[PDB]
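Okay, structure first, notes after.
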Amino acid sequence: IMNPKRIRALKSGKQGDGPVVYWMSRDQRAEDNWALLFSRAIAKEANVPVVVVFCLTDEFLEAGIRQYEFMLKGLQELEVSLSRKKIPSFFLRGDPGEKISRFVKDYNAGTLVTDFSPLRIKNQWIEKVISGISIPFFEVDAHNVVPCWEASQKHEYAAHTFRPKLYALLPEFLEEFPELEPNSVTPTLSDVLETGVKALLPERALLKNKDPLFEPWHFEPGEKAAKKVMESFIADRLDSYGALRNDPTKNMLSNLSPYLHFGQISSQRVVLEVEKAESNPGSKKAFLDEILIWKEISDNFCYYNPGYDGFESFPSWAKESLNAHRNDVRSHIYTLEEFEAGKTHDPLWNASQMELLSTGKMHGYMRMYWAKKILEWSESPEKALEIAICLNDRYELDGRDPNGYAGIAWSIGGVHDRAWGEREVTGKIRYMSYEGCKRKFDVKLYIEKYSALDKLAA
DNA sequence: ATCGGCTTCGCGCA
DNA sequence: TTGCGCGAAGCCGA
Ligand SMILES: Cc1cc2c(cc1C)N(C[C@H](O)[C@H](O)[C@H](O)COP(=O)(O)OP(=O)(O)OC[C@H]1O[C@@H](n3cnc4c(N)ncnc43)[C@H](O)[C@@H]1O)c1[nH]c(=O)[nH]c(=O)c1N2
């Protein structure tokens, strides 16, 4: 009734006599959620309530108000949603290692379930959780169509090597979601959102005139809005996606990534609705490849390379190339603070940084250019990786995500890419030029949208 | 083996 | 712009 290959037993023990607890982390949604659909089932077999617990930890100080409101507002909407299904929602504030471990005792949980995320630190918590628990601990991949550990069992070198593996399992894992059965066995935020903002308030990004840089109206948060972005994409942009996706002057991207990041929407549902949309094959194929292949190879990459954010996980050829050019003369070198405020010589580069700063979502094509000029105008790879990680995670609404580390590592160190012509500083890593951007899209339109803002920020 | 074929490249040319 | 061929380049995998 649910494909069991979505579950990995983490810790074995005695199904306690009490409620099943869904430890919610990556997939912050109440529909299309295999981990909550499993949680409700084991609850159903033992006639207990299902509760959901969410742990709010101090990592919000590492990013900004922009991500932190996007999250807390969905969770306000989420809590309403679960409670309509008789599912209470418990919000802890502290480190998951002990908050989830005491909660399991304090509530005499019968069973623990969590969703899957490949990032280092969730495995730390999990492991510290396992150490302090006695009831069983289960994990469900509710983020990938094909559960990450089943799609491939090794780091995948390239997309064309992972693509055939994935598409063989798709007939079996691409399926419809059953209906979340509300509890029969019947079992603060705002204040938590207000406290945070004032912690984050002195670090807000401000214009010269004390005005917030960020514009909070390009992406409304929530399960319900995420579905309506998915609906406008299928209605208005799926047809043109294939052809206009690399023009940053036309808003022809799905715009779905901030929601997928927080798991405010299942990518499986998107694949589902896209698959049945009558539109252009070139568009549907190009898109399915982004949301299936490139999204899930970025989980693959984080999962099988624990150092997914360091120089050391680049390919051998890439490292040998970059190191041989460590001593080449850089034509410009900017500090972190200099990129951050768009104060380089390159008005195209400055514009994309203006787009990141003020919308929280930079155009996907521009993201390659942005990051490769970072490698070109910093004093070393390591610093370039540093600066590019720190700004992608400070300011992208979709930041702090495996897709992040795996695209940074594409751009700077050639992971899941190949070797190209050898040049100074950047070695054999793929090159992108301003003149290349010019023949592809009207760069002066892009730069005009944002050049107004540069001299306004401080 | 042993060879095509590789996300998102740049550029000259028509 | 717009599509095509050619380039330079390392490695997987049937
Ligand atoms: C320098 C740099 C930095 C980042 C990223 C790339 C690069 C080169 N990415 C990946 C990608 O650029 C980004 O997901 C898209 O711009 C998302 O915008 P749309 O949702 O509109 O994508 P669009 O509608 O074009 O694609 C659909 C979905 O496919 C997936 N996808 C598309 N391109 C991908 C890519 N290059 N890598 C992985 N999955 C991809 C995403 O889930 C995306 O929402 C990333 N992604 C992210 O989610 N968060 C981040 O913080 C970053 N950071």
Side-chain angles (χ1 to χ4, degrees), chain A residues 151-168 240-250 252-254 257 281-301 304-305 313-325 346 348-349 352 355 361-376 388 392 398 402-448:
Chain A
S152 194
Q153 285 70 32
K154 69 159 153 70
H155 150 86
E156 287 301 326
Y157 187 89
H160 85 271
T161 74
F162 177 64
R163 164 174 307 112
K165 299 188 182 66
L166 196 55
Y167 275 76
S240 314
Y241 187 86
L244 316 176
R245 57 194 251 231
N246 304 307
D247 190 329
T249 76
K250 291 133 187 173
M252 225 50 30
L253 298 206
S254 79
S257 75
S283 266
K284 284 170 70 185
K285 217 201 70 187
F287 183 79
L288 289 171
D289 264 65
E290 298 304 327
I291 188 132
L292 277 183
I293 299 319
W294 281 105
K295 172 170 172 298
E296 292 186 12
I297 209 163
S298 298
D299 264 38
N300 167 272
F301 167 74
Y304 297 111
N305 316 269
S313 78
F314 301 172
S316 297
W317 66 266
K319 292 186 255 153
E320 205 178 38
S321 188
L322 291 163
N323 290 329
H325 294 281
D346 184 325
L348 181 53
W349 191 101
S352 52
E355 173 171 78
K361 187 168 156 323
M362 187 200 303
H363 196 273
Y365 189 90
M366 285 317 293
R367 293 212 212 188
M368 305 181 289
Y369 186 91
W370 177 85
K372 295 184 171 286
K373 294 310 163 188
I374 274 169
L375 176 63
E376 237 195 25
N392 174 108
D398 52 46
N403 287 345
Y405 308 110
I408 300 215
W410 191 88
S411 308
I412 292 183
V415 174
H416 295 145
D417 205 0
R418 46 195 206 93
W420 303 86
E422 186 173 4
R423 303 159 51 90
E424 313 177 308
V425 175
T426 57
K428 307 188 156 137
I429 313 302
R430 187 192 295 241
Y431 184 72
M432 286 171 66
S433 91
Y434 173 95
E435 295 73 18
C437 288
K438 271 197 73 181
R439 50 191 280 169
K440 303 176 163 156
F441 60 87
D442 184 6
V443 304
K444 320 273 182 238
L445 241 161
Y446 192 72
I447 297 162
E448 203 143 300

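We name chains A, B, ... by the order of the sequence lines, and we start the count at 1 in each one. Any value given below was found using the heavy atoms of this structure, including those in side chains, with hydrogens, waters and symmetry copies removed.
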Rounded to whole Å, please give me the gap between [atom1] in [X] and [atom2] in [N].
X      : N      : atom1 : atom2 : answer
A:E156 : B:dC6  : CD    : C1'   : 14 Å
A:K372 : B:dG10 : NZ    : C1'   : 13 Å
A:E290 : B:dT7  : CD    : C1'   : 7 Å
A:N403 : B:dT7  : CG    : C1'   : 14 Å
A:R430 : B:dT8  : CZ    : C1'   : 6 Å
A:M432 : B:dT7  : CE    : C1'   : 11 Å
A:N246 : C:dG3  : CG    : P     : 12 Å

Inset, instruction - Measure the shortest side-chain to side-chain distance between A:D398 and A:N403 over non-hydrogen atoms and say whether it is less than 4.5 angstrom. - result: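 The answer is no, as the side chains (C-beta and beyond) never meet within the 4.5 Å cut-off.
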
Inset, instruction - Would you check if A:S313 and A:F301 make a side-chain contact, meaning some heavy-atom pair closer than 4.5 Å? - result: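 A:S313 vs A:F301: side chains touch.
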
Inset, instruction - Using only side-chain N and O atoms of A:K440, determine if any of them is under 4.0 Å from OP1 or OP2 of B:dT8. - result: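 No, no such contact exists.
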
Legend entry - Phosphate-side-chain proximity, A:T161 and B:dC6, N/O vs OP1/OP2 below 4.0 Å: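 So the side-chain polar atoms of A:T161 never come under 4.0 Å of the phosphate oxygens OP1 or OP2 of B:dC6.
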
If you look at every strand shown and take non-hydrogen atoms under 4.0 Å, does [X] touch a base, only sugar-phosphate, or nothing?
X      : result
A:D289 : nothing
A:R163 : sugar-phosphate
A:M368 : base

Legend entry - Side-chain donor-acceptor pair present, A:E156, A:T161, cut-off under 3.5 Å: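 Indeed, the side chains of A:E156 and A:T161 share at least one donor-acceptor pair under 3.5 Å.
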
Inset, instruction - May I ask you to check whether A:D346 and A:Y369 show a side-chain donor-acceptor distance below 3.5 Å? - result: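 Yes.
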
Inset, instruction - Please evaluate the base of B:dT8 for a donor-acceptor partner in the side chain of A:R245 within a cut-off of under 3.5 Å? - result: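 Per atom types, the contact qualifies.
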
Legend entry - Secondary structure of DNA chain B in dot-bracket form (Watson-Crick or G-U wobble, distances below 3.5 Å, | marking inter-strand pairs): .|||||..||||||

Legend entry - Ring-face cation contact, A:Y434 with A:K438, 6.0 Å cut, 45° max: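 Not satisfied by the 6.0 Å and 45° rule.
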
Inset, instruction - Using the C1'-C2'-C3'-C4' torsion, classify the pucker of B:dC9 as north or south, with positive meaning north. - result: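 A north-puckered sugar, given its positive torsion.
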
Which pairs, protein N/O on one side and nucleotides 9-11 of chain C N/O on the other, fall under 3.5 Å?
unit_1	atom_1	unit_2	atom_2	d
C:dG10	OP1	A:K428	NZ	2.7

Detail all sub-3.5 Å separations between protein N/O atoms and N/O atoms belonging to nucleotides 12-14 of chain B.
unit_1	atom_1	unit_2	atom_2	d
B:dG12	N7	A:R439	NH1	3.1
B:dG12	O6	A:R439	NH1	3.3
B:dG12	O6	A:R439	NH2	2.4

